[PDB]
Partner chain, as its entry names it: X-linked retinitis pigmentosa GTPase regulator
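Below sits a lone chain in structure tokens, taken as the form deposited without its partner chain.
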């Protein structure tokens, strides 16, 4: 059960990801490093104009050796320790040993005040079950 969360973490990998202006479909940020690895504070530099898109599109590519009934995400935006927004997204069923693209739409203080002060804390779940908790500190450039 906490053992099951541990196997799912073991078999999981986020292979690549990007963030797009939903209005134009232009890539604003992409990376192939697994930002959802727990135990370390990740960092990401994004263009300051991403804050001006009302709709941001995300593509997440991941592999999973374990099956999952209801793979989903809870994401919290923290500015200097205070939670400002919460986002929920759901993938659902994941086939064991599969690789999957998951597309999500994310929808609607200046850059210079936010930059370095925002942590996006992401929790992965199989249903009620918490697989991992990770952090990215954001810089806006």
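Residue numbers count along the first chain shown, from 1.
Another form, the form deposited with its partner chain bound, is not on view; read the next lines as being about it.
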In the entry with it bound, residue 28 touching its partner chain (heavy atom, 4.5 Å)
yes
Is there a non-hydrogen atom of residue 38 within 4.5 angstroms of a non-hydrogen atom of its partner chain in the entry with it bound?
no
Against its partner chain in the entry with it bound, would residue 73 count as a contact residue? Criterion: heavy atoms within 4.5 Å.
no
Looking in the entry with it bound, any heavy atom of residue 48 within 4.5 Å of its partner chain?
yes
Using the arrangement in the entry with it bound, list in sequence order the residues of 66 to 105 with any heavy atom within 4.5 angstroms of its partner chain.
none
